[PDB]
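> Model the structure of this input:
(chains A, B, C, D, E, F, G, H, I, J, K and L)
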10 protein chains.
Amino acid sequence: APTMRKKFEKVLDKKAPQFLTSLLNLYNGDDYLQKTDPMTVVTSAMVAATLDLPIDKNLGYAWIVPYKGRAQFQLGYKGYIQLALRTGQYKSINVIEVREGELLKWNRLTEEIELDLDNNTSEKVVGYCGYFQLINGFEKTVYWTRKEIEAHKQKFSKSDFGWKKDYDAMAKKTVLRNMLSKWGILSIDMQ
Amino acid sequence: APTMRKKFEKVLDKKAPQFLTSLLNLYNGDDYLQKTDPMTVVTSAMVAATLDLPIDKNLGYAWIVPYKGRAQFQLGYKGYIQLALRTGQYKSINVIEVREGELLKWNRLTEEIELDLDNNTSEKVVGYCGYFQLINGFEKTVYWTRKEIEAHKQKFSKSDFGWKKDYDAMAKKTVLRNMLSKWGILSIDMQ
Amino acid sequence: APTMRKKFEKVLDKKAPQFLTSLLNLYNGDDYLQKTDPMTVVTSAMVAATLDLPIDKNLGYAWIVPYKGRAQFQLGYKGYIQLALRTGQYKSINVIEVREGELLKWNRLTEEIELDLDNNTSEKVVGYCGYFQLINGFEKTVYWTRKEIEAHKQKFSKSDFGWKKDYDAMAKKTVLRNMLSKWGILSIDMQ
Amino acid sequence: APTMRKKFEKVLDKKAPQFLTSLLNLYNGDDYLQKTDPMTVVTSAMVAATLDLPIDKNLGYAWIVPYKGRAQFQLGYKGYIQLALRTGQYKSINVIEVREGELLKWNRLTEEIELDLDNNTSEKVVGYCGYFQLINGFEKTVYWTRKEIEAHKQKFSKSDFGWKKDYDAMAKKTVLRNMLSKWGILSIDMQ
Amino acid sequence: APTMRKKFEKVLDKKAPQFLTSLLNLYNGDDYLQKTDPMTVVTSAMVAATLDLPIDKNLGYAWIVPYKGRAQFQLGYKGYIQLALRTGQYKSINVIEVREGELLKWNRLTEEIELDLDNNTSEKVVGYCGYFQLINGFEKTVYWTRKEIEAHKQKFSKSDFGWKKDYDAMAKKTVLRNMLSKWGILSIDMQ
Amino acid sequence: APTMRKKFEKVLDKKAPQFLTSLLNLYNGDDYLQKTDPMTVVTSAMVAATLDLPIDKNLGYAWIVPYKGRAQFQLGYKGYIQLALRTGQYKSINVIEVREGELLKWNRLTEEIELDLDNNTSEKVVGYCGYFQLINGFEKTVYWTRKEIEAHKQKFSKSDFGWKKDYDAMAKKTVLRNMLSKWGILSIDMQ
Amino acid sequence: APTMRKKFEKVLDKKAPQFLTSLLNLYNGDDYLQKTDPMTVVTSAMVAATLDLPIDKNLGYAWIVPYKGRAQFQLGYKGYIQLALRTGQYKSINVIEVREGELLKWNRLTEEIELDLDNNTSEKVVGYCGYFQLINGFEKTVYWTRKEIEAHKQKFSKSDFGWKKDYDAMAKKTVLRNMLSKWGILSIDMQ
Amino acid sequence: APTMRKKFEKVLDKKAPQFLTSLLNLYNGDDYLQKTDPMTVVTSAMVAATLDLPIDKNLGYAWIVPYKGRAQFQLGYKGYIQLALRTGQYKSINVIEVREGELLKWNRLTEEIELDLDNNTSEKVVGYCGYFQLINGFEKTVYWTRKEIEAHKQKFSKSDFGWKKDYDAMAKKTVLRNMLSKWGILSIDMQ
Amino acid sequence: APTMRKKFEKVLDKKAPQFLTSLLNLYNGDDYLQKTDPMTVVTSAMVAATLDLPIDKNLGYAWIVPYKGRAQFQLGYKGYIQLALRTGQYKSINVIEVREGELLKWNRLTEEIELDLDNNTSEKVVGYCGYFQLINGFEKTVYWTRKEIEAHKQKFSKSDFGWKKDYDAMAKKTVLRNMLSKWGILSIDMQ
Amino acid sequence: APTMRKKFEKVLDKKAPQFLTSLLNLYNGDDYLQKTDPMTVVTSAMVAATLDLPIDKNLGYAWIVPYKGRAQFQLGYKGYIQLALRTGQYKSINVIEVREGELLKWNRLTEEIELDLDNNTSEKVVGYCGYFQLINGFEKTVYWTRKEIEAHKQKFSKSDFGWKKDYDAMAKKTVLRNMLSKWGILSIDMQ
DNA sequence: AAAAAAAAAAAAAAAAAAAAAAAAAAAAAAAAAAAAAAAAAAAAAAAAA
DNA sequence: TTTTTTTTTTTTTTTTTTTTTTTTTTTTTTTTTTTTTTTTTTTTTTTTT
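Residues are numbered from 1 along each chain as shown, chains lettered A, B, ... in the order given. Please see the structure below:
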């Protein structure tokens, strides 16, 4: 038992600046966590700083969100990218927007898609595509339409300010985060 | 005997942050493990952290479930994906939903299935299909119907909250986890 | 002599986490190995961890069973699958259940079997079939009836709890393990 | 001379785990090799591990048998199957039991045999048949009677425990091993 | 000159395990080669391992026999079978024993022989027959009597232990090896 | 010019083991080639290995004989058999000994010979006969007497050790080799 | 034009070993081609190897003879036999020597000759006869005397070493080659 | 149109070696075709190789002769013999020389000629005779005198070197070729 | 309808080389068919090659002559001979020239002609005679004079180059072709 | 019924080239059959080719003439000659022209006619005579005058181009065809 | 009854460099093998420009 | 620029046996180089029961 306590104390002392920065950023921010127990907020900042993911706004790697008076540590859509890059096994990641009259055919069985880029008749988007390929040959491609993204936003999202000014960025972020979370390979320790 | 103790101590010291993160996440969670022996919970967290599978909720790789006052470490449906990707011998993994009037014929002997996608008469699903192919030519395909999935859920599952709002996700997860567990090739050490 | 000792020590040090995981899982389990010599259990865990086959329950690759106060390391019905996949020469493996009024004829000399699937008059099973085919053209097919499986279970099996709730799974597992052990090609090192 | 020593050392270092597993299995077994020179046992384990044929009991590929105080490495009836499959030129191998009133005629010159299967008057066996066919058209068929098998067992076998409980398995194993050893084509390196 | 040296070195390095196995088997055997030059034994093992014919006792493909203080590599009666099967042009090979009152007539010009099998008056053998047929229509048949085999054994063989317990096996082996050596078609590289 | 050099180099690299085996067998043999230029011996071994005819003693397909200080590659009496079998157009080849009081008449114009076999008055040979028949109907028969064979041996052969112990084998070999060389159809590439 | 070049290159690559063997045999031979252009020798070896007729001495199918400083490819008296056998339409070919007091009468119009064989008064030859018969009924017979053969040898032959030791063989070869060249039917591709 | 092109291409590819041999023989020959268009020479070699009649000098079946700067393919006096033998309907062909005081009478109406052979008074020739007989009873006989042959040679032949050394061979060749061309039955495809 | 198309296609494919040879000979010839439709020329070559009558100049069996811009296939005076010989019912065919003072009398009713050959007073020809006799006894004889032949040549022939140098050959050819065409029996398929 | 269909199909397949030649000749000809049903033309060509009588113009054995929009197969004046010769019972056939002052008397009862040939006073024809005699003694003679032939031509013939340039040939053809058709003996199968 | 007829003459061919051998043969009979511990679940998501 | 949810297991233990035998032989080549020549000629008519 004392050995685990000493190891935990050493780990805690090794990562003081991240904890200090997270606490200072939380203090300097707005006042929306005043209805929750401070112990939960401290624990959330602790676990966030343990994973080398500060809570500073300029990076957007993690957040603290209160649920029923309890603070929860949450991962952003760039934390998955950070973990995937820390894994060190990826080769390519990309996500683009398919406009009107670009794709030719697409079947979900063989995951084969063909497009005719730089040949458009209008200036409105029709769908979005994402694709990531590893080093050992594994590849994955997904394609979403506007209706599915709208349904997902209506079902899950509970805000409308961000989705109004820039519709494309939120859709791209959702596609990227879903593709990376569901099928990606993640790791914690950098190699 | 002392050599094995030194090796075990070195292995323990090498993976402290995962153990710390798992313990902190368990502490910050709800109070449902208070009726079990803490030693079993500590051992379960230990073995979970040994396999590079943290117990944090944002990843969903493993769980701790108490059975008859004894805590047990359990693998999720993404842990199999993680192990398969760590193996480094796969080429493709996929699972889709076959809607009404899509498939033509299917026999379980030769595992040959043909479908006519993008040609539907209704908007209700009829079945689910899964398919994974390796690099050395080995392929595997499975097909489930709604009745079999309903029977499996009635026989094994003991909850109904998740199965109500989104029926398709649970069926896809069950098909994927069964196909990967029964016939897949798994490994622990990354290559 | 010293060179072999150094090589053995290096091999031992290379595979510490598997040994640690196996020992922890054995400790966390029930108390049924207390009537045997601990040295035999340690040796069995050692050889099990040497072959990249952990003893964790969630995988079911190997077991430790005591016989006359001596612990023995045993291979499950998925260890054969793992070794066959590690070989890298297979093309297809399958096992199905032949119901009432499905097969037409079957002779054990030429190993030729014909069936009329999706055309049944009842809902009771009559037999089981297994078939595996390699890449270089070698194929093997076996067919068992209910009477033979019942006789085998009565002769060899010494438990009845598992065979009661689900009769089909045990029969399929027995057919698969027998077909893979008697006629399959196995290997230890992954290619 | 130094070049051959370096090559031998490299070959030895390449196959350490098989040697370790064989030695551990020999140690964990019963005490029947204590009347022989340990150097011979070490050499036998060495040559057994050189051919990718471990000595573990669960596989039954090879054995170590002491003769006049000297240990000898011996091939089982599955080692021939393993070598034949490693050759990669086979198409079919089979062995069955001919019961009472099944075969019609059989001549040893043209190796032509005809049978009327699934038409029996009793439940006692009369003989055994074996047949293996290659890819380039070469085929071989053998047929043994009960008297010849009994004479062979009396002449060569020196134990009776195995032959009592299950008479058919030993006869089938003898037919298979004799047919594969005398007329089969074997190889060491996998292709 | 350097190119041939590099090619020879590559060929030597490609076939190390066979050489190692042959040397280990020679070392583990009895002490009868101590009166000969070790260089000749090494060269004989080298050429034996070059032709993919190990010197292990369990296979019986080749031997090393000392003549006037010089070791010589020799082919067994199964090496001819191995080479003939490696050729890939054969269709059938067989050898049987003709008992008393079985054959009717036999002339050595047209090589036509007729027999009445399964009709015997005694239980003593009278002669032996061998027959091999290729794919392109070429066939060859030979027939030996007891007197000729006895004369050959007296003239050439210099041992009597093997010929005493089992007279038929040695005669069959001699007929097979003579028929395959004198008239058969052999090859070294497998096709 | 470079293309022919590349083709020759590829052909040389394709047939290394035969060259290595021939050189090793020549080295392990007696010392009778020490009075000749090594370049001629190397060239002779090269051409011998090019035709898939190794120089090993156990086969007796080809020899190296020095003439006036120059080594020459020579074909044995089995090389003709090998080439004829490689041709793939033959149907039957045979050679027998005609004893006293067996043949009735023989004329060299129509090549018609009749004999009364199995009816002899003495045990001394009188002549030898050879006969080979193709598939397209072409047949050839030759008959030699003792006087002609003795004259040929006196005129051409320059040794007497072999001809003393076994007179019949040398006569049969001479008849076979002459009949196959003068009138047979030969080919190099196997079909 | 490129198509014919590709076809010629493929034909050249298909027959490399014959060209290599011919070149090696020419190199290993005596030095009598040093006064001619090497290009002509290379072309002659090329055309000789194109017709599946190697230039090796042990076969005697073709030769290279220099005329006025130009090498020429020439057919031997066995090349005609090889081509005739490749045709596949022959039934019988023969040539014999008619001794003193054997023939009775012979007219060149109807090509009818009668002889009384095995009835001689001396041991000196008087003439030679040749006869070949096809399958469709066509037959041809020729008869030469000693004077005509002597005149032909004096007129055409320019050497005397071969004609001295063995007079009969050269006469038989001349009769055979003339009869086969003037009236025979030849072909290049084997059927 | 494409079908005929494919058939022509297949026919061309089937007969490459004859074309290659003809071209190589033409290249290796003297320089007398340098004043003609190469396309005509290529076409002539093509048609010559199409009819299974190579242009090699050792056979003398066909020639290429330039006329007014245009190369022409020409048939020799042995090509007619080859075609007649390919027909498969002939029974006998012959041509002889009638010397002084041999024939008795000859009339051109009934084609009846009688001679008294082996009864001569001088050693000078007087005429030539040719005779060919089919299988169905058709026969043809021709007889030429010296004056007619001399007139034909003066009228048609434009060279004198060949006609000087050997007068009889040219006359026999002319008689044979005229008799076979004017009245013979020819065919292209062998039967 | 499809059956006749398949049969026609098979017949076309069976006779490709004749068509190819005819087309190549037509191409290599002079330019006199450039004023006609190529389809007619192709059809004429097709029908000419269908009847096993190539259009090569060295044989002179058939020709292509343009009439009013339309190519026509025409039979020569040797095609009738070829067809008559293919019939297989003829016994004798002949045509001679009757000189001055040879014939005695000739009447056209009974077709009886008598001549006194080898008794001439001048060296000028007076007429021509032709005679052909079958096997079943049918005979036919015709006799032409110089005036009738001159009248026929003036009426029908439209060229004078051939008729100038050799007057007898054209007259003999006309007599032969007229006698064979008007009264002969012809057939297409060889028997 | 199926047997007759198979026999008809075999007969059709046996005579393809004649049908092909007839169709090609009809196609290459002029356009005068375009007003008739193609089925009738095909049937007429079929029956014409069935009787071994091609429709090619160079032979003139048969024709196709349209009558009231229906094509009809017609026999020429040489088809009767062909059938009569196929019968094999004839001995002589002839037809001549009787000029002015040649015949003496002629009565139609006894069919006796006498003429004084080679004794004429003018150069104009007066009549025509025809005569054919069999082997068994049967003879037939007919005699026509100019008036009867003119009346027949006026009554039956409907063209005048042919009858103008050559009056004698048409009269001879009419006499021959009438005499052969009315009184001759005809057959279809050759004997 | 639809039948009259022709485009045909000819050559470039003689011949040889083949006789032959170094092969007789053996070290091989066979065994240690029968099979079991297996069924399954905890999962749906979002905070971003 | 905005804050959730859900549930807890089960079974069972082994046996069998050990070897043998024996070693070689044979020897050596030959011979010789070529030739000859180059074309021609000409194109449609007719009908229907």
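> which other helices and strands contact the helix or strand hosting residue A:151?
Assigned by DSSP states H and E, residue A:151 belongs to helix A:146-156. With contacts taken as 3 or more CB pairs under 8 Å, 6 or more residues apart in numbering or on different chains; DSSP states H and E, helix A:146-156 sits against strand A:125-134, helix A:167-183. Just so you know, the C-beta spots here come from the backbone N, C-alpha and C atoms, and that holds for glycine as well.
> Of all these, which one comes closest to chain C?
strand A:125-134 (18.4 Å; CB to the nearest CB).
> That closest one - contacts with which helices or strands?
For strand A:125-134, where contacts count as 3+ CB pairs under 8 Å, 6+ apart, the packed elements are strand A:90-99, strand A:139-145, helix A:146-156, helix A:167-183.
> Let me know the secondary structure of the most centrally placed residue in chain A.
Central residue of chain A (CA atoms, centre = their mean): residue A:77, 1.3 Å from the mean position. Classification of residue A:77 by DSSP: H, G, I helix; E, B strand; the rest coil places it in coil.
> Please name the residues that touch it.
A:173, A:176-177 (CB atoms under 8 Å, 6 or more residues apart in numbering or on different chains).
> Among these, name the buried ones.
A:176-177 (16 or more other CB atoms under 10 Å in any protein chain shown).
> So which of the contacts of residue A:77 is the closest to chain B?
For these, the nearest to chain B is residue A:177 (11.6 Å; CB to the nearest CB).
> before we move on, back to that, the helix holding residue A:151 and DNA strand L, any residue contact?
No - applying CB under 7 Å from any atom of the strand, one finds helix A:146-156 out of contact with DNA strand L, separated by at least 9.2 Å.
> Would you mind splitting chain A into its domains for me?
A:2-75, A:79-183 (automatic domain parsing).
> Number of residues surrounding residue A:49?
By the criterion of other CB atoms under 10 Å in any protein chain shown, residue A:49 has 23 neighbours.
> For it, give me phi and psi.
phi -70, psi -20 (degrees, to the nearest 10).
> Run through the residues that contact it.
Counted by CB under 8 Å, 6+ apart, residue A:49 has contacts A:15, A:18-19, A:22, A:55.
> which one of these has the most neighbours?
residue A:55 leads these on contacts (other CB under 10 Å) with 24 neighbours.
> May I ask which helix or strand encompasses the nearest residue to that one once chain neighbours are set aside?
Leaving aside its sequence neighbours, residue A:55 sits nearest to residue A:22 (CB to CB, 6 or more residues apart in numbering or on different chains; 4.1 Å). Element membership for residue A:22, per DSSP H and E: helix A:16-28.
> which ones are touching the residue in chain A that DNA strand K sits nearest to?
Residue nearest to DNA strand K within chain A: residue A:76 (3.4 Å; CB to the nearest atom of the strand). Applying CB under 8 Å, 6+ apart, we find residue A:76 in contact with A:60-63.
> any idea which of those residues is closest to residue C:67?
Distances from residue C:67 to these, taken as CB to CB, are shortest for residue A:62 (53.6 Å).
> ok, whichever residue of chain A sits closest to chain J to residue B:99 distance?
Closest residue of chain A to chain J, CB to the nearest CB: residue A:105 (47.7 Å). Distance of residue A:105 to residue B:99, given as CB to CB, to the nearest Å: 18 Å.
> returning to what we had before: take the contacts of residue A:76 and keep only those in strands.
Within the contacts of residue A:76, residues falling in strands by DSSP state E are A:62-63.
> Give me the buried subset of the contacts of residue A:76.
Looks like the contacts of residue A:76 have A:61-62 buried, using 16+ other CB under 10 Å.
> Tabulate the contacts of residue A:76 (a markdown table), appending distance to residue H:111.
Below are the contacts of residue A:76 laid out as a markdown table (distance: CB to CB, whole Å):
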| residue | distance to residue H:111 |
| --- | --- |
| A:60 | 117 |
| A:61 | 116 |
| A:62 | 119 |
| A:63 | 121 |
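> near chain D, which residues of chain A?
By CB under 8 Å from any CB of the partner chain, no residue of chain A approaches chain D.
> relative to helix B:16-28, how tilted is the helix or strand that residue A:11 is a member of?
Element membership of residue A:11 [criterion: DSSP H and E] is helix A:2-14. Helix A:2-14 and helix B:16-28 meet at an angle of 100 degrees, taking axes from the mean of the first three to the mean of the last three CA atoms, to 10 degrees as the criterion.
> near chain B at all, helix A:2-14?
Yes - applying CB under 8 Å from any CB, one finds helix A:2-14 in contact with chain B at A:7-8, A:11.
> Now tell me what touches that helix from outside.
If you take CB under 8 Å, 6+ apart as the criterion, helix A:2-14 is touched by A:50, B:13, B:16-17, B:20.
> And that helix, what's buried?
So for helix A:2-14, counting by 16+ other CB under 10 Å, buried means A:7-8.
> Please apply the same query to stretch A:142-156.
A:142-144, A:149, A:153.
> Would you mind measuring from the residue nearest to residue A:55 to residue A:10?
Counting by CB to CB, the separation of residue A:22 from residue A:10 is 20 Å.
> Also residue A:126?
Taken as CB to CB, the span from residue A:126 to residue A:10 is 55 Å.
> So the residue of chain A found nearest chain E, which state does it fall into?
Using CB to the nearest CB, the single residue of chain A nearest to chain E is residue A:136, 28.4 Å away. Using three-state DSSP, the structure places residue A:136 in coil.
> Leaving out sequence neighbours, find the closest residue to it.
With CB to CB, 6+ apart, the residue lying closest to residue A:136 is residue B:88, at 4.9 Å.
> name the helices or strands packed onto the helix or strand where residue A:86 lies?
Using DSSP H and E, residue A:86 sits within helix A:79-87. Helix A:79-87 sits against strand A:90-99, helix A:167-183, with contacts defined as 3+ CB pairs under 8 Å, 6+ apart.
> Which one of those lies nearest to residue F:39?
Residue F:39 sits nearest to strand A:90-99 of all the helices and strands packed on helix A:79-87, at 55.7 Å, using CB to CB.
> If we go by neighbour counts, what in that closest one is buried?
For strand A:90-99, by 16+ other CB under 10 Å, it's A:90, A:93, A:95, A:98-99.
> For the residues you listed, please prepare CSV with the additional fields distance to residue I:44.
Formatted as CSV, those follow (distance: CB to CB, whole Å):
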residue, distance to residue I:44
A:90, 72
A:93, 71
A:95, 70
A:98, 62
A:99, 63
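> Quote the end-to-end distance of stretch A:50-64.
15 Å (CA to CA, to the nearest Å).
> can that stretch be found next to DNA strand K?
Yes - Stretch A:50-64 is in contact with DNA strand K by CB under 7 Å from any atom of the strand, via A:60, A:63.
> name the helices or strands packed onto the helix holding residue A:22?
helix A:38-50.
> which parts of the helix it packs on are buried?
Quick answer for helix A:38-50 (16+ other CB under 10 Å): A:40-41, A:43-50.
> sorry, back to before: could you verify my assumption that the residue of chain A closest to chain E touches residue B:84?
No - applying CB atoms under 8 Å, one finds residue A:136 not in contact with residue B:84, separated by 11.6 Å.
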